[PDB]
$ cat my_file-v8.txt   # compact mmCIF, N, CA and C atoms and all ligand atoms
# COMPACT_ATOMS: atom_id res chain seq x y z
N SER A 42 4.78 -10.32 9.64
CA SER A 42 4.18 -9.85 8.40
C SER A 42 4.85 -8.59 7.84
N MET A 43 4.92 -8.46 6.52
CA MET A 43 5.52 -7.28 5.91
C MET A 43 4.64 -6.72 4.80
N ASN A 44 4.61 -5.42 4.73
CA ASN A 44 4.06 -4.69 3.61
C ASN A 44 5.09 -4.62 2.48
N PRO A 45 4.64 -4.60 1.25
CA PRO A 45 5.55 -4.37 0.13
C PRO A 45 6.03 -2.94 0.17
N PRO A 46 7.10 -2.62 -0.55
CA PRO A 46 7.42 -1.22 -0.75
C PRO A 46 6.24 -0.55 -1.42
N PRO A 47 6.04 0.74 -1.19
CA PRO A 47 4.91 1.46 -1.80
C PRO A 47 5.17 1.67 -3.28
N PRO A 48 4.14 1.97 -4.04
CA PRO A 48 4.37 2.30 -5.45
C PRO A 48 5.29 3.51 -5.55
N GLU A 49 6.15 3.51 -6.56
CA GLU A 49 7.07 4.63 -6.70
C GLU A 49 6.32 5.91 -7.05
N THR A 50 6.84 7.03 -6.55
CA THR A 50 6.33 8.35 -6.84
C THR A 50 7.36 9.20 -7.56
N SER A 51 8.55 8.68 -7.77
CA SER A 51 9.58 9.36 -8.53
C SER A 51 10.35 8.30 -9.30
N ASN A 52 10.85 8.68 -10.46
CA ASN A 52 11.64 7.77 -11.28
C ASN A 52 12.37 8.63 -12.29
N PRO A 53 13.65 8.90 -12.09
CA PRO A 53 14.35 9.79 -13.01
C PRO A 53 14.51 9.21 -14.41
N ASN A 54 14.16 7.95 -14.65
CA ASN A 54 14.20 7.38 -15.99
C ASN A 54 12.90 7.55 -16.73
N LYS A 55 11.91 8.13 -16.09
CA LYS A 55 10.55 8.25 -16.65
C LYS A 55 10.32 9.69 -17.09
N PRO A 56 10.06 9.95 -18.37
CA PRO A 56 9.85 11.33 -18.79
C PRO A 56 8.60 11.91 -18.14
N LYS A 57 8.68 13.20 -17.80
CA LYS A 57 7.65 13.89 -17.03
C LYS A 57 6.95 14.89 -17.93
N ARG A 58 5.68 15.16 -17.61
CA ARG A 58 4.99 16.18 -18.36
C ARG A 58 3.93 16.81 -17.48
N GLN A 59 3.66 18.07 -17.77
CA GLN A 59 2.55 18.79 -17.18
C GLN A 59 1.59 19.14 -18.31
N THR A 60 0.33 18.80 -18.15
CA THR A 60 -0.69 19.13 -19.13
C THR A 60 -1.87 19.76 -18.41
N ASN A 61 -2.72 20.49 -19.14
CA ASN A 61 -3.86 21.10 -18.46
C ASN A 61 -4.74 20.02 -17.85
N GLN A 62 -4.82 18.84 -18.47
CA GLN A 62 -5.63 17.79 -17.88
C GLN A 62 -5.02 17.28 -16.56
N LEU A 63 -3.71 17.09 -16.51
CA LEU A 63 -3.07 16.65 -15.28
C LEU A 63 -3.17 17.71 -14.21
N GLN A 64 -3.09 19.00 -14.59
CA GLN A 64 -3.28 19.98 -13.53
C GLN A 64 -4.74 20.04 -13.09
N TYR A 65 -5.71 19.77 -13.97
CA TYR A 65 -7.09 19.59 -13.48
C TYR A 65 -7.20 18.39 -12.54
N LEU A 66 -6.51 17.30 -12.87
CA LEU A 66 -6.58 16.11 -12.03
C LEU A 66 -6.03 16.35 -10.63
N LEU A 67 -5.04 17.23 -10.49
CA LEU A 67 -4.55 17.58 -9.16
C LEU A 67 -5.42 18.64 -8.49
N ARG A 68 -5.66 19.75 -9.19
CA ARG A 68 -6.22 20.93 -8.56
C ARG A 68 -7.70 20.74 -8.26
N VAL A 69 -8.41 19.94 -9.07
CA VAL A 69 -9.85 19.74 -8.93
C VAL A 69 -10.16 18.32 -8.47
N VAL A 70 -9.68 17.31 -9.20
CA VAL A 70 -10.12 15.94 -8.92
C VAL A 70 -9.50 15.42 -7.63
N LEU A 71 -8.17 15.39 -7.53
CA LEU A 71 -7.54 14.85 -6.30
C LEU A 71 -7.96 15.70 -5.10
N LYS A 72 -7.86 17.02 -5.23
CA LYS A 72 -8.13 17.86 -4.07
C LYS A 72 -9.56 17.68 -3.55
N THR A 73 -10.53 17.52 -4.46
CA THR A 73 -11.91 17.33 -4.04
C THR A 73 -12.09 15.99 -3.33
N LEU A 74 -11.55 14.92 -3.92
CA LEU A 74 -11.67 13.60 -3.31
C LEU A 74 -10.92 13.52 -1.99
N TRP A 75 -9.81 14.25 -1.88
CA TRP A 75 -9.00 14.18 -0.66
C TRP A 75 -9.76 14.72 0.54
N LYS A 76 -10.60 15.72 0.32
CA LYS A 76 -11.35 16.41 1.36
C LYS A 76 -12.71 15.78 1.62
N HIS A 77 -13.03 14.73 0.86
CA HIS A 77 -14.32 14.03 1.01
C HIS A 77 -14.46 13.43 2.42
N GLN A 78 -15.70 13.22 2.83
CA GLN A 78 -16.01 12.66 4.17
C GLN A 78 -15.42 11.25 4.30
N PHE A 79 -15.37 10.50 3.20
CA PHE A 79 -14.90 9.09 3.26
C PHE A 79 -13.49 8.90 2.66
N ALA A 80 -12.66 9.93 2.63
CA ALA A 80 -11.36 9.81 1.92
C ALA A 80 -10.27 9.19 2.81
N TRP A 81 -10.49 9.09 4.12
CA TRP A 81 -9.39 8.65 5.03
C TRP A 81 -8.82 7.25 4.73
N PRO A 82 -9.59 6.24 4.42
CA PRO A 82 -9.04 4.90 4.24
C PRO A 82 -8.29 4.79 2.91
N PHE A 83 -8.38 5.84 2.10
CA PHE A 83 -7.74 5.85 0.76
C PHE A 83 -6.59 6.86 0.64
N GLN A 84 -6.18 7.51 1.73
CA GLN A 84 -5.16 8.59 1.67
C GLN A 84 -3.74 8.05 1.81
N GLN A 85 -3.58 6.74 1.93
CA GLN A 85 -2.25 6.13 2.14
C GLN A 85 -2.32 4.67 1.69
N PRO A 86 -1.18 4.03 1.41
CA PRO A 86 -1.21 2.62 1.09
C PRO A 86 -1.86 1.78 2.19
N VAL A 87 -2.53 0.72 1.78
CA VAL A 87 -3.09 -0.23 2.77
C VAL A 87 -1.95 -0.82 3.59
N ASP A 88 -2.00 -0.61 4.91
CA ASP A 88 -1.03 -1.22 5.82
C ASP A 88 -1.63 -2.54 6.29
N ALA A 89 -1.33 -3.60 5.55
CA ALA A 89 -1.89 -4.91 5.83
C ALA A 89 -1.33 -5.52 7.11
N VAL A 90 -0.18 -5.05 7.58
CA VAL A 90 0.27 -5.47 8.91
C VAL A 90 -0.65 -4.90 9.98
N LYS A 91 -0.81 -3.58 9.99
CA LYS A 91 -1.48 -2.93 11.10
C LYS A 91 -2.97 -3.26 11.08
N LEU A 92 -3.54 -3.41 9.91
CA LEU A 92 -4.94 -3.83 9.78
C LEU A 92 -5.13 -5.35 9.82
N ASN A 93 -4.06 -6.13 10.05
CA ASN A 93 -4.12 -7.60 10.13
C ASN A 93 -4.87 -8.21 8.94
N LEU A 94 -4.36 -7.93 7.74
CA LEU A 94 -4.90 -8.46 6.48
C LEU A 94 -3.82 -9.20 5.71
N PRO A 95 -3.40 -10.37 6.20
CA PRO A 95 -2.27 -11.06 5.57
C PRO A 95 -2.52 -11.55 4.17
N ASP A 96 -3.76 -11.64 3.70
CA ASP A 96 -3.95 -12.03 2.31
C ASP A 96 -3.98 -10.82 1.38
N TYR A 97 -3.86 -9.59 1.90
CA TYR A 97 -4.15 -8.44 1.05
C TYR A 97 -3.19 -8.39 -0.12
N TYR A 98 -1.87 -8.46 0.17
CA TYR A 98 -0.88 -8.39 -0.89
C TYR A 98 -0.61 -9.75 -1.50
N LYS A 99 -1.28 -10.77 -0.99
CA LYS A 99 -1.43 -12.02 -1.70
C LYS A 99 -2.42 -11.87 -2.86
N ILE A 100 -3.50 -11.10 -2.66
CA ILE A 100 -4.57 -10.95 -3.64
C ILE A 100 -4.40 -9.71 -4.52
N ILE A 101 -3.89 -8.62 -3.95
CA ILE A 101 -3.78 -7.35 -4.64
C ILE A 101 -2.31 -7.17 -5.04
N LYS A 102 -2.03 -7.29 -6.34
CA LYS A 102 -0.66 -7.20 -6.82
C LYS A 102 -0.36 -5.87 -7.48
N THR A 103 -1.34 -4.99 -7.68
CA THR A 103 -1.09 -3.63 -8.17
C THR A 103 -1.75 -2.66 -7.22
N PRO A 104 -1.20 -2.51 -6.00
CA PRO A 104 -1.82 -1.61 -5.03
C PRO A 104 -1.78 -0.16 -5.47
N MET A 105 -2.77 0.61 -5.03
CA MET A 105 -2.74 2.03 -5.35
C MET A 105 -3.61 2.76 -4.34
N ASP A 106 -3.33 4.05 -4.11
CA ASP A 106 -3.99 4.84 -3.08
C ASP A 106 -3.85 6.29 -3.46
N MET A 107 -4.64 7.16 -2.81
CA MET A 107 -4.65 8.58 -3.22
C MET A 107 -3.43 9.33 -2.67
N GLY A 108 -2.79 8.82 -1.61
CA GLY A 108 -1.54 9.44 -1.19
C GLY A 108 -0.48 9.31 -2.28
N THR A 109 -0.39 8.11 -2.87
CA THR A 109 0.54 7.88 -3.98
C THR A 109 0.17 8.73 -5.18
N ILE A 110 -1.13 8.78 -5.51
CA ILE A 110 -1.54 9.59 -6.65
C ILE A 110 -1.25 11.06 -6.41
N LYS A 111 -1.52 11.55 -5.19
CA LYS A 111 -1.23 12.95 -4.88
C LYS A 111 0.26 13.25 -5.08
N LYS A 112 1.12 12.35 -4.62
CA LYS A 112 2.56 12.58 -4.73
C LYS A 112 3.00 12.50 -6.19
N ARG A 113 2.42 11.56 -6.93
CA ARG A 113 2.73 11.44 -8.38
C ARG A 113 2.33 12.74 -9.10
N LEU A 114 1.16 13.29 -8.78
CA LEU A 114 0.73 14.52 -9.45
C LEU A 114 1.61 15.69 -9.05
N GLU A 115 1.92 15.78 -7.76
CA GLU A 115 2.75 16.88 -7.29
C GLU A 115 4.15 16.82 -7.90
N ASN A 116 4.66 15.61 -8.18
CA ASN A 116 6.00 15.40 -8.75
C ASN A 116 6.02 15.44 -10.27
N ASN A 117 4.86 15.61 -10.90
CA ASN A 117 4.72 15.54 -12.36
C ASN A 117 5.24 14.19 -12.85
N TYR A 118 4.94 13.13 -12.09
CA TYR A 118 5.42 11.80 -12.42
C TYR A 118 4.79 11.31 -13.70
N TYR A 119 3.57 11.77 -14.01
CA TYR A 119 2.87 11.22 -15.16
C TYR A 119 3.23 11.92 -16.46
N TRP A 120 3.01 11.20 -17.56
CA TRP A 120 3.11 11.81 -18.87
C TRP A 120 1.75 12.28 -19.34
N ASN A 121 0.68 11.58 -18.98
CA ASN A 121 -0.63 11.99 -19.46
C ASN A 121 -1.71 11.68 -18.44
N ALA A 122 -2.88 12.27 -18.68
CA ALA A 122 -3.97 12.15 -17.75
C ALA A 122 -4.45 10.72 -17.64
N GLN A 123 -4.42 9.96 -18.75
CA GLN A 123 -4.91 8.58 -18.68
C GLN A 123 -4.10 7.74 -17.69
N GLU A 124 -2.80 7.98 -17.60
CA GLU A 124 -1.99 7.29 -16.59
C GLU A 124 -2.52 7.52 -15.18
N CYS A 125 -2.91 8.76 -14.88
CA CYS A 125 -3.42 9.10 -13.56
C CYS A 125 -4.82 8.54 -13.34
N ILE A 126 -5.69 8.66 -14.32
CA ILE A 126 -7.03 8.07 -14.25
C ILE A 126 -6.93 6.58 -14.04
N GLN A 127 -5.97 5.91 -14.71
CA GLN A 127 -5.78 4.48 -14.47
C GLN A 127 -5.42 4.20 -13.01
N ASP A 128 -4.58 5.04 -12.38
CA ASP A 128 -4.24 4.82 -10.97
C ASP A 128 -5.50 4.90 -10.10
N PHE A 129 -6.36 5.91 -10.31
CA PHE A 129 -7.62 5.97 -9.56
C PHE A 129 -8.44 4.72 -9.78
N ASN A 130 -8.58 4.31 -11.04
CA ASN A 130 -9.39 3.15 -11.35
C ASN A 130 -8.82 1.92 -10.68
N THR A 131 -7.49 1.80 -10.63
CA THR A 131 -6.87 0.67 -9.94
C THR A 131 -7.19 0.70 -8.46
N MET A 132 -7.07 1.88 -7.83
CA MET A 132 -7.40 2.01 -6.41
C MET A 132 -8.81 1.50 -6.10
N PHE A 133 -9.78 1.88 -6.93
CA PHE A 133 -11.16 1.47 -6.70
C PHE A 133 -11.33 -0.02 -6.96
N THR A 134 -10.81 -0.49 -8.09
CA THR A 134 -10.85 -1.91 -8.45
C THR A 134 -10.28 -2.79 -7.34
N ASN A 135 -9.12 -2.42 -6.78
CA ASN A 135 -8.54 -3.22 -5.71
C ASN A 135 -9.52 -3.37 -4.56
N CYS A 136 -10.17 -2.26 -4.21
CA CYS A 136 -11.07 -2.26 -3.07
C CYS A 136 -12.24 -3.19 -3.32
N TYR A 137 -12.79 -3.13 -4.53
CA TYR A 137 -13.93 -3.95 -4.87
C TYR A 137 -13.57 -5.43 -5.03
N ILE A 138 -12.35 -5.73 -5.51
CA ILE A 138 -11.88 -7.11 -5.63
C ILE A 138 -11.68 -7.73 -4.26
N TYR A 139 -10.95 -7.03 -3.39
CA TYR A 139 -10.51 -7.62 -2.13
C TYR A 139 -11.67 -7.74 -1.13
N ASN A 140 -12.51 -6.72 -1.06
CA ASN A 140 -13.55 -6.69 -0.04
C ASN A 140 -14.83 -7.32 -0.59
N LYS A 141 -15.89 -7.35 0.25
CA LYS A 141 -17.16 -7.97 -0.12
C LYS A 141 -18.17 -6.91 -0.46
N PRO A 142 -19.17 -7.23 -1.30
CA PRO A 142 -20.17 -6.23 -1.64
C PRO A 142 -20.84 -5.72 -0.38
N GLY A 143 -21.00 -4.40 -0.31
CA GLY A 143 -21.69 -3.78 0.80
C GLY A 143 -20.87 -3.60 2.06
N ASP A 144 -19.62 -4.06 2.08
CA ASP A 144 -18.76 -3.74 3.20
C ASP A 144 -18.66 -2.23 3.33
N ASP A 145 -18.37 -1.77 4.55
CA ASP A 145 -18.22 -0.34 4.80
C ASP A 145 -17.20 0.29 3.84
N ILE A 146 -16.02 -0.34 3.69
CA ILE A 146 -14.98 0.23 2.85
C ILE A 146 -15.46 0.34 1.41
N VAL A 147 -16.33 -0.59 1.00
CA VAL A 147 -16.85 -0.60 -0.37
C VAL A 147 -17.89 0.50 -0.55
N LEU A 148 -18.70 0.74 0.49
CA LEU A 148 -19.63 1.88 0.48
C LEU A 148 -18.87 3.19 0.41
N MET A 149 -17.74 3.30 1.14
CA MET A 149 -16.93 4.50 1.03
C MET A 149 -16.29 4.63 -0.35
N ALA A 150 -15.74 3.55 -0.89
CA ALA A 150 -15.18 3.63 -2.26
C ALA A 150 -16.27 4.03 -3.25
N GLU A 151 -17.48 3.50 -3.07
CA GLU A 151 -18.59 3.82 -4.00
C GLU A 151 -18.83 5.34 -4.04
N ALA A 152 -18.85 5.99 -2.88
CA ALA A 152 -19.11 7.42 -2.84
C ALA A 152 -17.99 8.17 -3.53
N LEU A 153 -16.74 7.86 -3.20
CA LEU A 153 -15.62 8.54 -3.85
C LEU A 153 -15.62 8.30 -5.35
N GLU A 154 -15.90 7.06 -5.76
CA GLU A 154 -15.88 6.73 -7.17
C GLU A 154 -16.94 7.52 -7.94
N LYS A 155 -18.14 7.68 -7.36
CA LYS A 155 -19.19 8.45 -8.02
C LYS A 155 -18.75 9.89 -8.24
N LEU A 156 -18.07 10.48 -7.25
CA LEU A 156 -17.56 11.83 -7.42
C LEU A 156 -16.43 11.86 -8.44
N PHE A 157 -15.52 10.89 -8.36
CA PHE A 157 -14.45 10.78 -9.34
C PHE A 157 -15.01 10.75 -10.76
N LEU A 158 -16.03 9.92 -11.00
CA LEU A 158 -16.54 9.80 -12.36
C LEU A 158 -17.22 11.10 -12.80
N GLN A 159 -17.91 11.79 -11.88
CA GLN A 159 -18.48 13.10 -12.21
C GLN A 159 -17.39 14.08 -12.60
N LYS A 160 -16.25 14.06 -11.90
CA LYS A 160 -15.19 15.00 -12.24
C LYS A 160 -14.51 14.64 -13.54
N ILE A 161 -14.25 13.35 -13.80
CA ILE A 161 -13.57 13.09 -15.08
C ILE A 161 -14.53 13.10 -16.26
N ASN A 162 -15.85 13.09 -16.01
CA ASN A 162 -16.76 13.33 -17.12
C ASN A 162 -16.52 14.71 -17.73
N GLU A 163 -16.05 15.66 -16.92
CA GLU A 163 -15.78 17.03 -17.33
C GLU A 163 -14.27 17.30 -17.49
N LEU A 164 -13.50 16.26 -17.73
CA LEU A 164 -12.09 16.46 -18.06
C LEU A 164 -11.98 17.47 -19.20
N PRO A 165 -11.21 18.54 -19.03
CA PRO A 165 -11.11 19.54 -20.10
C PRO A 165 -10.36 19.00 -21.30
N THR A 166 -10.68 19.55 -22.47
CA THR A 166 -9.99 19.14 -23.68
C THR A 166 -8.52 19.53 -23.59
N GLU A 167 -7.66 18.63 -24.07
CA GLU A 167 -6.23 18.85 -23.97
C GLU A 167 -5.86 20.08 -24.79
N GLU A 168 -5.11 20.98 -24.18
CA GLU A 168 -4.77 22.23 -24.85
C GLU A 168 -3.30 22.20 -25.16
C1 LIG B 1 -10.87 -2.32 5.33
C2 LIG B 1 -9.35 -2.06 5.30
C3 LIG B 1 -9.00 -0.94 4.26
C4 LIG B 1 -8.73 0.39 4.60
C5 LIG B 1 -8.73 1.10 5.98
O1 LIG B 1 -9.33 0.66 6.91
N1 LIG B 1 -7.97 2.33 6.03
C6 LIG B 1 -7.83 3.25 7.14
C7 LIG B 1 -8.82 3.36 8.14
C8 LIG B 1 -8.67 4.30 9.19
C9 LIG B 1 -7.55 5.15 9.22
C10 LIG B 1 -6.60 5.07 8.21
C11 LIG B 1 -5.35 6.02 8.24
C12 LIG B 1 -4.23 5.46 9.17
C13 LIG B 1 -3.78 4.11 8.68
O2 LIG B 1 -3.32 4.01 7.62
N2 LIG B 1 -3.93 2.93 9.49
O3 LIG B 1 -3.50 1.68 9.00
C14 LIG B 1 -6.75 4.12 7.16
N3 LIG B 1 -8.49 1.08 3.46
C15 LIG B 1 -8.58 0.25 2.39
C16 LIG B 1 -8.36 0.70 0.94
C17 LIG B 1 -8.90 -1.03 2.87
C18 LIG B 1 -9.09 -2.27 1.97
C19 LIG B 1 -8.69 -3.67 2.43
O4 LIG B 1 -9.52 -2.15 0.88
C1 LIG B 2 -17.89 -5.21 -4.60
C2 LIG B 2 -19.18 -4.89 -5.37
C3 LIG B 2 -19.29 -3.38 -5.77
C4 LIG B 2 -18.63 -2.81 -6.88
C5 LIG B 2 -17.69 -3.49 -7.85
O1 LIG B 2 -17.44 -4.66 -7.89
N1 LIG B 2 -17.06 -2.51 -8.71
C6 LIG B 2 -16.00 -2.73 -9.65
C7 LIG B 2 -15.22 -3.91 -9.66
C8 LIG B 2 -14.12 -4.04 -10.56
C9 LIG B 2 -13.78 -2.93 -11.38
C10 LIG B 2 -14.53 -1.76 -11.30
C11 LIG B 2 -14.19 -0.51 -12.20
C12 LIG B 2 -13.28 0.47 -11.38
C13 LIG B 2 -13.12 1.77 -12.14
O2 LIG B 2 -12.58 1.79 -13.19
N2 LIG B 2 -13.67 2.94 -11.55
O3 LIG B 2 -13.59 4.17 -12.28
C14 LIG B 2 -15.64 -1.64 -10.43
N3 LIG B 2 -18.89 -1.49 -6.92
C15 LIG B 2 -19.76 -1.21 -5.91
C16 LIG B 2 -20.30 0.19 -5.71
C17 LIG B 2 -20.01 -2.36 -5.15
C18 LIG B 2 -20.91 -2.50 -3.89
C19 LIG B 2 -21.74 -1.38 -3.26
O4 LIG B 2 -20.93 -3.55 -3.36

$ encode --input "my_file-v8.txt" --output "structure tokens" --more "lines below"
Ligand SMILES: CCc1c(C(=O)Nc2cccc(CCC(=O)NO)c2)[nH]c(C)c1C(C)=O
Ligand SMILES: CCc1c(C(=O)Nc2cccc(CCC(=O)NO)c2)[nH]c(C)c1C(C)=O
Amino acid sequence: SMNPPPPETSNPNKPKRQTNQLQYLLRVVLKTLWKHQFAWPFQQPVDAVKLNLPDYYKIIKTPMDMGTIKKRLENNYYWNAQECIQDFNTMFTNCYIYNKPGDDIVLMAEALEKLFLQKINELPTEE
């Protein structure tokens, strides 16, 4: 069994930007979620080999995780905050698609997602 290559965190053909919203997304949103009690299963790409999940990358074709998002934010990979918010939303969506309602991993995603939504409800106005 093989894992796909991870999502890219650098691309010299992609224009980069730093905005107050993206720095809020790193300094407040990512950092808070990273330190959460249930953040461990989301801090790196799903290793479907080691977790013996051979259908995972059969079913999930846009994988995403907070390790990738952290590296994208640290590298200023994004142009705008919506790009980064979409990556979080994809991470959560994948978990809910692949797993079953009420699974442990889904209960953990639920907690992180509730905090995520509280933080982006207060996304600062673009300056
Ligand atoms: C249930 C499987 C799953 C994990 C996980 O169980 N993740 C995990 C658990 C313990 C430790 C670590 C860090 C070391 C490592 O990466 N081992 O492979 C990750 N996460 C996600 C997003 C999923 C799925 C399919 O939605
Ligand atoms: C798997 C059922 C479930 C969902 C769900 O199915 N959730 C979902 C599915 C697809 C997309 C999205 C939006 C992701 C997003 O954009 N977050 O910001 C959510 N949630 C929860 C909390 C559960 C539980 C406890 O069983």

$ residues_around --input "my_file-v8.txt" --residues "range 158-166 of chain A" --least-positions-apart "2" --cutoff "8 Å" --atoms "only N, CA and C atoms" --output "PyMOL selection string"
chain A and resi 61-62+65-66+69-70+152-156+168

$ write_last_selection --input "my_file-v8.txt" --atoms "N, CA and C atoms" --output "PDB file, in the frame of the given file"
ATOM      1  N   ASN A  61      -2.720  20.490 -19.140  1.00  0.00           N
ATOM      2  CA  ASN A  61      -3.860  21.100 -18.460  1.00  0.00           C
ATOM      3  C   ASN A  61      -4.740  20.020 -17.850  1.00  0.00           C
ATOM      4  N   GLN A  62      -4.820  18.840 -18.470  1.00  0.00           N
ATOM      5  CA  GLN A  62      -5.630  17.790 -17.880  1.00  0.00           C
ATOM      6  C   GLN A  62      -5.020  17.280 -16.560  1.00  0.00           C
ATOM      7  N   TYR A  65      -5.710  19.770 -13.970  1.00  0.00           N
ATOM      8  CA  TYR A  65      -7.090  19.590 -13.480  1.00  0.00           C
ATOM      9  C   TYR A  65      -7.200  18.390 -12.540  1.00  0.00           C
ATOM     10  N   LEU A  66      -6.510  17.300 -12.870  1.00  0.00           N
ATOM     11  CA  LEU A  66      -6.580  16.110 -12.030  1.00  0.00           C
ATOM     12  C   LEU A  66      -6.030  16.350 -10.630  1.00  0.00           C
ATOM     13  N   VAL A  69      -8.410  19.940  -9.070  1.00  0.00           N
ATOM     14  CA  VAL A  69      -9.850  19.740  -8.930  1.00  0.00           C
ATOM     15  C   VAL A  69     -10.160  18.320  -8.470  1.00  0.00           C
ATOM     16  N   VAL A  70      -9.680  17.310  -9.200  1.00  0.00           N
ATOM     17  CA  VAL A  70     -10.120  15.940  -8.920  1.00  0.00           C
ATOM     18  C   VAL A  70      -9.500  15.420  -7.630  1.00  0.00           C
ATOM     19  N   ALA A 152     -18.850   5.990  -2.880  1.00  0.00           N
ATOM     20  CA  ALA A 152     -19.110   7.420  -2.840  1.00  0.00           C
ATOM     21  C   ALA A 152     -17.990   8.170  -3.530  1.00  0.00           C
ATOM     22  N   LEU A 153     -16.740   7.860  -3.200  1.00  0.00           N
ATOM     23  CA  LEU A 153     -15.620   8.540  -3.850  1.00  0.00           C
ATOM     24  C   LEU A 153     -15.620   8.300  -5.350  1.00  0.00           C
ATOM     25  N   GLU A 154     -15.900   7.060  -5.760  1.00  0.00           N
ATOM     26  CA  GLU A 154     -15.880   6.730  -7.170  1.00  0.00           C
ATOM     27  C   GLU A 154     -16.940   7.520  -7.940  1.00  0.00           C
ATOM     28  N   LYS A 155     -18.140   7.680  -7.360  1.00  0.00           N
ATOM     29  CA  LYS A 155     -19.190   8.450  -8.020  1.00  0.00           C
ATOM     30  C   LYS A 155     -18.750   9.890  -8.240  1.00  0.00           C
ATOM     31  N   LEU A 156     -18.070  10.480  -7.250  1.00  0.00           N
ATOM     32  CA  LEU A 156     -17.560  11.830  -7.420  1.00  0.00           C
ATOM     33  C   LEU A 156     -16.430  11.860  -8.440  1.00  0.00           C
ATOM     34  N   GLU A 168      -5.110  20.980 -24.180  1.00  0.00           N
ATOM     35  CA  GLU A 168      -4.770  22.230 -24.850  1.00  0.00           C
ATOM     36  C   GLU A 168      -3.300  22.200 -25.160  1.00  0.00           C
TER      37      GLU A 168
END

$ closest_residue --input "my_file-v8.txt" --among "A:81, A:118, A:112, A:101" --to "residue 139 in chain A" --atoms "all atoms listed in the file"
A:101

$ closest_atom_pairs --input "my_file-v8.txt" --of "chain A" --to "ligand LIG 2 (chain B)" --cutoff "6 Å" --atoms "all atoms listed in the file" --output "CSV"
residue,atom,partner,partner_atom,distance
A:129,C,B:LIG2,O3,5.8
A:130,CA,B:LIG2,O2,3.9
A:131,N,B:LIG2,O2,5.7
A:133,C,B:LIG2,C12,4.9
A:134,N,B:LIG2,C12,4.2
A:137,CA,B:LIG2,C1,4.2
A:138,N,B:LIG2,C7,5.4
A:140,C,B:LIG2,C1,5.5
A:141,C,B:LIG2,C1,4.5
A:142,CA,B:LIG2,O4,3.3
A:143,N,B:LIG2,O4,3.2
A:144,N,B:LIG2,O4,5.6
A:147,C,B:LIG2,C19,5.1
A:148,N,B:LIG2,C19,5.3
A:151,CA,B:LIG2,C16,4.4

$ write_last_selection --input "my_file-v8.txt" --atoms "N, CA and C atoms" --output "PDB file, in the frame of the given file"
ATOM      1  N   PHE A 129      -6.360   5.910 -10.310  1.00  0.00           N
ATOM      2  CA  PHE A 129      -7.620   5.970  -9.560  1.00  0.00           C
ATOM      3  C   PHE A 129      -8.440   4.720  -9.780  1.00  0.00           C
ATOM      4  N   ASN A 130      -8.580   4.310 -11.040  1.00  0.00           N
ATOM      5  CA  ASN A 130      -9.390   3.150 -11.350  1.00  0.00           C
ATOM      6  C   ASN A 130      -8.820   1.920 -10.680  1.00  0.00           C
ATOM      7  N   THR A 131      -7.490   1.800 -10.630  1.00  0.00           N
ATOM      8  CA  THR A 131      -6.870   0.670  -9.940  1.00  0.00           C
ATOM      9  C   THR A 131      -7.190   0.700  -8.460  1.00  0.00           C
ATOM     10  N   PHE A 133      -9.780   1.880  -6.930  1.00  0.00           N
ATOM     11  CA  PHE A 133     -11.160   1.470  -6.700  1.00  0.00           C
ATOM     12  C   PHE A 133     -11.330  -0.020  -6.960  1.00  0.00           C
ATOM     13  N   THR A 134     -10.810  -0.490  -8.090  1.00  0.00           N
ATOM     14  CA  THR A 134     -10.850  -1.910  -8.450  1.00  0.00           C
ATOM     15  C   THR A 134     -10.280  -2.790  -7.340  1.00  0.00           C
ATOM     16  N   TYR A 137     -12.790  -3.130  -4.530  1.00  0.00           N
ATOM     17  CA  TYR A 137     -13.930  -3.950  -4.870  1.00  0.00           C
ATOM     18  C   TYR A 137     -13.570  -5.430  -5.030  1.00  0.00           C
ATOM     19  N   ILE A 138     -12.350  -5.730  -5.510  1.00  0.00           N
ATOM     20  CA  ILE A 138     -11.880  -7.110  -5.630  1.00  0.00           C
ATOM     21  C   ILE A 138     -11.680  -7.730  -4.260  1.00  0.00           C
ATOM     22  N   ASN A 140     -12.510  -6.720  -1.060  1.00  0.00           N
ATOM     23  CA  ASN A 140     -13.550  -6.690  -0.040  1.00  0.00           C
ATOM     24  C   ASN A 140     -14.830  -7.320  -0.590  1.00  0.00           C
ATOM     25  N   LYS A 141     -15.890  -7.350   0.250  1.00  0.00           N
ATOM     26  CA  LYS A 141     -17.160  -7.970  -0.120  1.00  0.00           C
ATOM     27  C   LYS A 141     -18.170  -6.910  -0.460  1.00  0.00           C
ATOM     28  N   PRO A 142     -19.170  -7.230  -1.300  1.00  0.00           N
ATOM     29  CA  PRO A 142     -20.170  -6.230  -1.640  1.00  0.00           C
ATOM     30  C   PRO A 142     -20.840  -5.720  -0.380  1.00  0.00           C
ATOM     31  N   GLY A 143     -21.000  -4.400  -0.310  1.00  0.00           N
ATOM     32  CA  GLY A 143     -21.690  -3.780   0.800  1.00  0.00           C
ATOM     33  C   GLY A 143     -20.870  -3.600   2.060  1.00  0.00           C
ATOM     34  N   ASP A 144     -19.620  -4.060   2.080  1.00  0.00           N
ATOM     35  CA  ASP A 144     -18.760  -3.740   3.200  1.00  0.00           C
ATOM     36  C   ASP A 144     -18.660  -2.230   3.330  1.00  0.00           C
ATOM     37  N   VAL A 147     -16.330  -0.590   1.000  1.00  0.00           N
ATOM     38  CA  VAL A 147     -16.850  -0.600  -0.370  1.00  0.00           C
ATOM     39  C   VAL A 147     -17.890   0.500  -0.550  1.00  0.00           C
ATOM     40  N   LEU A 148     -18.700   0.740   0.490  1.00  0.00           N
ATOM     41  CA  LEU A 148     -19.630   1.880   0.480  1.00  0.00           C
ATOM     42  C   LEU A 148     -18.870   3.190   0.410  1.00  0.00           C
ATOM     43  N   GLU A 151     -17.480   3.500  -3.070  1.00  0.00           N
ATOM     44  CA  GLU A 151     -18.590   3.820  -4.000  1.00  0.00           C
ATOM     45  C   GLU A 151     -18.830   5.340  -4.040  1.00  0.00           C
TER      46      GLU A 151
END

$ closest_residue --input "my_file-v8.txt" --among "A:96, A:115, A:88, A:49" --to "ligand LIG 1 (chain B)" --atoms "only C-alpha atoms and all ligand atoms"
A:88
